[PDB]
Amino acid sequence: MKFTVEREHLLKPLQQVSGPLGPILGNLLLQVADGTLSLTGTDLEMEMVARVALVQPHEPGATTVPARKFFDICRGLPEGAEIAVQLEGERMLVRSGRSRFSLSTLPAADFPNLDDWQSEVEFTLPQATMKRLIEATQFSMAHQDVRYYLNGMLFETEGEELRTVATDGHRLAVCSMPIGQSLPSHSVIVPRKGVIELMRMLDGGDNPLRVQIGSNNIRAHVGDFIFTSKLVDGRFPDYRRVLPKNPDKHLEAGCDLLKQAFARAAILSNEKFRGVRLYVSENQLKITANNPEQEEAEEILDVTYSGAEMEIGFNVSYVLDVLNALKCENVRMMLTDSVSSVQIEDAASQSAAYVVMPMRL
Amino acid sequence: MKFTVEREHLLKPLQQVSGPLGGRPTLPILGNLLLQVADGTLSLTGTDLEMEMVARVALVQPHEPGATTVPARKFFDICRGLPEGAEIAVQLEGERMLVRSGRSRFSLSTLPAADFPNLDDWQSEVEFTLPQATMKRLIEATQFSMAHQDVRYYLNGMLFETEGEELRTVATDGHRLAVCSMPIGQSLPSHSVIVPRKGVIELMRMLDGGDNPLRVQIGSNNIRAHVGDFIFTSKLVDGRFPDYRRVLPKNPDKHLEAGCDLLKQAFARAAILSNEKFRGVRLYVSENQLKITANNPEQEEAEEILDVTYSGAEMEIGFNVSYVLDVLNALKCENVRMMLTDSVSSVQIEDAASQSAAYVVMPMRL
Ligand SMILES: NC(=O)Cn1c2c(c3cc(Cl)ccc31)CC[C@@H](C(=O)O)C2
Ligand SMILES: NC(=O)Cn1c2c(c3cc(Cl)ccc31)CC[C@@H](C(=O)O)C2
Ligand SMILES: [Ca+2]
Ligand SMILES: [Ca+2]
Ligand SMILES: [Ca+2]
Ligand SMILES: [Ca+2]
Ligand SMILES: [Cl-]
Ligand SMILES: [Cl-]
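In its metadata, the entry names X-ray crystallography as the structure determination method and reports 1.9000 Å as the resolution.

Another point: the overall build of chain A. Helices and strands together make up the secondary structure of chain A, namely 7 helices and 23 strands. Counting only C-alpha atoms, chain A reaches 75 × 45 × 35 Å along its principal axes.

Residues and elements named next belong to chain B. In the neighbourhood of ligand 2, the contacting residues comprise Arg152, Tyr154, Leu155, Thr172, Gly174, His175, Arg176, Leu177, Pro242, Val247 and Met362. Contacts to ligand 2 include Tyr154, whose side-chain N or O atom sits 2.4 Å from an oxygen atom. At 3.1 Å, a backbone N or O of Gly174 approaches a nitrogen atom of ligand 2. Looking at side-chain class alone, the shell around ligand 2 contains 6 nonpolar, 3 polar and 2 charged residues.

With the exception of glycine, most residues fall at negative phi, and the peptide bonds are largely trans. All names here are of chain B. Unusually for a residue other than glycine, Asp39 sits at a positive phi of about 40 degrees. Tracing the backbone shows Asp39 in the loop between β2 (32–38) and β3 (41–47). A positive phi is found at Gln149, a non-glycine position, where the angle reads about 55 degrees. Looking at the secondary structure, you find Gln149 in the loop between α3 (132–142) and β10 (157–172).

In this section: the site of ligand 1. Residue and element names in this part refer to chain A. Around ligand 1 sit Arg147, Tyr149, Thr167, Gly169, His170, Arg171, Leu172, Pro237, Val242, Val355 and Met357, and those are all the residues in its vicinity. With respect to ligand 1, the side chain of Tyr149 contributes an N or O atom lying 2.6 Å from an oxygen atom. Surface burial for ligand 1 is 64%, taken as the share of its 480 Å² of free accessible area covered by protein chains. Along the lines of polarity and charge, the residues of the shell around ligand 1 split into 6 nonpolar, 3 polar and 2 charged.

Here we come to the pattern of salt bridges. Considering all chains together, one arrives at 38 salt bridges over all chains under this definition. A salt bridge links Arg163 of chain A to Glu158 of chain A; its shortest N-O distance comes to 2.6 Å. With its nearest N and O atoms 2.6 Å apart, the salt bridge here joins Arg80 of chain B to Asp77 of chain B. A residue pair is termed a helical-turn pair when its members lie 3 or 4 positions apart in one helix, as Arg80 of chain B and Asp77 of chain B do in helix α2 (residues 72–81) at 3 residues. Overlapping salt bridges bring together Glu161, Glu163, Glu166, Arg168, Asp243 and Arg245 of chain B as one network.

Moving on to the sheet that holds strand β17 (residues 284–290) of chain A. Taken in spatial order, the 8 strands make up an open sheet running β20(A)-β16(A)-β17(A)-β18(A)-β8(B)-β7(B)-β6(B)-β1(B), and their pairing is antiparallel. Two strands in the sheet have a free side with no partner beyond their single neighbour: β20 (310–315) of chain A together with β1 (2–6) of chain B. For this sheet, the mean inter-axis angle between neighbouring strands, taken without regard to orientation, is 20 degrees. Contacts from helix α7 (residues 316–326) of chain A reach β16 (275–281) and β20 of chain A within the one sheet, and its direction differs from that of β20 of chain A by about 85 degrees. Against the sheet, α2 of chain B makes contact with β6 (87–93), β7 (96–101) and β8 (104–109) of chain B, and its axis sits at roughly 170 degrees relative to β8 of chain B, the strand it touches most.

Contact residues are listed per partner, giving 30 residues for chain A and 30 residues for chain B. Summing both partners gives a buried area of about 2500 Å² for chain A against chain B, and 45% of it is carried by carbon and sulfur. Taken as a group, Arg98, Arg264 and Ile267 of chain A account for 25% of the area that chain A buries against chain B, more than any other trio of residues on that side. The tally of links between chain A and chain B comes to 6 salt bridges. For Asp302 of chain A, the salt bridge identified is with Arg103 of chain B, shortest N-O distance 2.6 Å.

What follows is about the nonpolar core. Of all hydrophobic cores here, the largest spans 209 residues; its most connected members are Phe70 of chain A together with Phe75 of chain B. Contacts of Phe75 of chain B, omitting those with residues within four sequence positions, involve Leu10, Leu14, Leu35, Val70, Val90, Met97, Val99 and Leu108 of chain B.

To summarise the sheet geometry, strands pair through backbone hydrogen bonds and adopt either a parallel or an antiparallel arrangement. Residues and elements named next belong to chain A. The 8 strands lie next to each other as β5-β2-β3-β4-β14-β13-β12-β9, forming an open sheet whose pairing is antiparallel. Among the strands making up the open sheet, the edge pair consists of β5 (61–66) and β9 (121–125). Neighbour-to-neighbour, the strand axes of this sheet turn through a mean angle of 15 degrees, independent of strand direction. The pairing of strand β3 (residues 36–42) with strand β4 (residues 46–53) spans 7 bridges and is antiparallel. Looking at β4, one finds that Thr42 is bridged to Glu47. Helix α2 (residues 67–76) rests against β2 (27–33) and β5 of the sheet, and its axis sits at about 90 degrees to β5.

Turning to the domain arrangement of chain B, a few remarks are in order. All names here are of chain B. On domain assignment, one finds that chain B holds domain 1 (1–123), domain 2 (124–247) and domain 3 (248–366). Taken over C-alpha atoms, the centre of domain 2 sits 28 Å from the centre of domain 3. When domain 2 packs against domain 3, the two sides together hide about 1200 Å² of surface, and 54% of this comes from carbon and sulfur. Ranking the residues of domain 2 by area buried against domain 3 places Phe144, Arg176 and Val247 at the top, with a combined share of 41%.

Attention shifts here to the state of the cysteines. One pass over the full model with this rule turns up 0 disulfides over all chains. A disulfide-free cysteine, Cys180 of chain B has its sulfur positioned 13 Å from the sulfur of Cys333 of chain B, the nearest such atom.

All names here are of chain A. Look at helix α6 (residues 255–266) against α7: their axes get within 10 Å of each other, and the N-to-C directions meet at 155 degrees. As the angle between them shows, α6 and α7 are arranged roughly antiparallel. Here the hand of the crossing between α6 and α7 comes out left-handed. Residue-level contacts link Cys255, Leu258, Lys259, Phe262, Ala263 and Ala266 of α6 to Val316, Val319, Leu320, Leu323 and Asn324 of α7. Here the residues of the contact of α6 with α7 are counted per class, giving 9 nonpolar, 1 polar and 1 charged.

This part covers the domain arrangement of chain A. Domain boundaries assigned for chain A yield domain 1 (1–118), domain 2 (119–242) and domain 3 (243–361). Taking only C-alpha atoms, the centre of domain 1 of chain A and the centre of domain 3 of chain A are 50 Å apart.

With that out of the way, let us pick up the side chain of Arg337 of chain B. Residue and element names in this part refer to chain B. Its place among the elements puts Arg337 in strand β20 (residues 335–340). Of the polar contacts made by the side chain of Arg337, one reaches the backbone oxygen of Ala352; its length is 2.9 Å. Ignoring any residue separated from it by four or fewer positions in sequence, one finds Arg337 in contact with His255, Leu256, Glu257, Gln348, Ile349, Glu350, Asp351 and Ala352.

This next bit is on the packing of aromatic side chains. All names here are of chain B. For the structure on display, the rule yields 3 aromatic pairs over all chains. Aromatic pair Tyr153 and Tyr154: ring centres 5.8 Å apart, planes at 70 degrees, arrangement edge-to-face. Sitting above the plane of the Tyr284 ring, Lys291 keeps its charged end 5.4 Å from the centroid.

Rules behind the numbers
Residues numbered from 1 in each chain as written, not as in the entry; some residues may be left out. Chains lettered and ligands numbered in written order. Heavy atoms only, no water. Residues with missing side-chain atoms left out of burial classes, pairs and counts. Helix = DSSP H or I, 4+ residues; strand = E, 2+ residues; numbered from the N terminus. Near = heavy atom within 4 Å. Polar contact = N/O pair within 3.5 Å; in protein donor to acceptor, adjacent residues only side chain to side chain. Nonpolar A, V, L, I, M, F, W, Y, C, P; charged D, E, K, R; others polar. Areas by Shrake-Rupley, 256 points an atom, 1.4 Å probe, with all protein chains shown as cover. Salt bridge = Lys/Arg side-chain N within 4 Å of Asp/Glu carboxyl O. Pairing = 2+ DSSP bridges. Axes fitted to C-alpha atoms, helices over the stretch in contact; angles between N-to-C directions. Contact = heavy atoms within 4.5 Å. Buried area = accessible area lost by both parts, 1.4 Å probe. Core = buried A, V, L, I, M, F, W, Y, C linked by side-chain atoms within 4.5 Å. Buried < 20%, exposed > 50% of the residue type's maximum accessible area, 1.4 Å probe, protein only. Domains from an automatic or database assignment. Disulfide = S-S within 2.5 Å. Parallel < 35°, antiparallel > 145°, perpendicular 65-115°, else oblique. Left-handed = near helix turned anticlockwise from the far one by under 90°. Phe/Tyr/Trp six-rings, centres within 6.5 Å; stacked < 30°, edge-to-face > 60°. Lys NZ or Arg CZ within 6 Å of the ring centre and 35° of its normal.

Spelled out as structure tokens, the structure:
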């Protein structure tokens, strides 16, 4: 196996395939075949593959090498460097200028594959749209809940919309985007680690994303990268049951002003229960916090609100996470009563909605 | 006690006086800042009983004298969290301190200013003034080589040595050494003291980059640094420091000069395949050429060759590549000078253009 490739063509692929990797699971599979260098990394649940066209002379074959070490060496070489690689006995030689490295290998035959599977649902969308969908909701996924089905993100197709849902059983995020195709009605749960890799492969370019979903797998193809993940089992909750039935009380406020006010008030909230009380009244919002030491914060903001007066308590971190994810000018808070969930949206778009539960203070 | 002060006029002082505060105070009031309004000035003080920082703020709006203490982290976070250019009005009400700005209001718990501790009184024996850039350079050149929590407590800090008209800093962790020496345009007694590492970092960070000169006063057991509105005081480390003179190699006659970034990048690549614990790399030096090799227990191998300026006898030497990279990162120079003797002697490293800072690293066999 021999190839010679510019650093610039090798670096982004290596970065992508090597990022998550950690004995042969800590190596990248390199294969020279059909005019192409393929690089693959896996943790047995998901797999990233990059293809790189070889325009210089090359020789076929495959091996595996320590991913981090190989990435670090390539990244450490100067801009414009050419990287020549070849196999020698049990080692992989890497030469660039007068820099030389000999790395250990494990056999390509020992490198594990995901089980074969069949595509049942397929669609295309812009990368920016997938990016928006994941970024809108990803912060609301559980991390290591014993309900495994929450440690990931629902991807749902309905009509012409691709929708993401994430919840940790305390708060929820949902985002729907039209993608201009007639889609079957379907949903799957992508594990949180898979969601992070998928997000990270979105380069910021114009190449559309192609998505393939099977009964137990999802695949995303963008440019010369192919990501594959296993899916999570279990019944994901229904966001329509979490969204309030009819949140007819509508408050609108500047997103950054609201964020700042909540973050200041939070300073004098209980460290155990970092909650704040909201008093909504005609065109005014009052936020208060207090703690065991009898310390007290109060913030008063102008808002647009016509509706009955009410008081409701929230976890401040959940509201700040939402406001930070919206990145908007104005927010709409849609209220029911003092003991029911609140829905929050960008005042200028219904494309994403967030649900937070009231908090006993 | 009443004052009304622009947010920004409070933030830099608050940053400074919060630095001494230890994570788990020995007394409740050690988690607080002392606030005093007197003769047109707000003073703020934070301490950990070993060192103290005081900041002064001129009060141009109406004020009322008095003193109290408030929780440092909460008061800072409130001031920082208020909007750009906010006016911050503070007044003492019972054992609460009220803070208001716009339509934001906060009530903080206080502790009596009478309980706020002071450092022991002392007399200044050695004093000098210098540009704050000179002090910044001295500390930044050497700080990375101080020990961290060594039982050899005299290493957990930095020596400050006065001689003639020069101020010198030295730091070592008992493995590698950094020294920097700068003239300061004032005749000084021959003296040296050890500043504890926490104090060194506080001192470094009180230097804002501006044109205010720094006045240093050294006592038998204490040091004080005054710049602008800020006054820092620390105990000294009561120990004996090693002599840096004895570790500098004698008459190193084989000087290698190379571009700093080129040399740094070659070592950084070679380091990838060095032993993770002991980090040894080998240099082979020859006419205008350097070869660096590394290998690890998995028998992986790196080799770098680069052009350098070198006319000495051919030799080999090994070093800890982590120590050499730390030096190159501290130097941030155009060209570096490695002053070599032989395979069983230390190396002295300097900016090729300046003898002000020098670093010594020990040889390794492989
Ligand atoms: N945590 C609860 O009691 C109910 N609850 C649940 C969820 C939820 C979400 C919100 Cl915003 C608000 C409340 C929510 C999602 C997970 C559900 C489950 O156990 O499968 C339960
Ligand atoms: N001489 C020694 O055993 C190690 N050593 C020591 C020092 C040292 C410095 C260098 Cl660069 C290199 C090596 C160094 C200074 C601190 C000394 C002590 O124990 O008080 C010991
Ligand atoms: Ca092997
Ligand atoms: Ca939606
Ligand atoms: Ca704006
Ligand atoms: Ca109800
Ligand atoms: Cl604000
Ligand atoms: Cl070892």
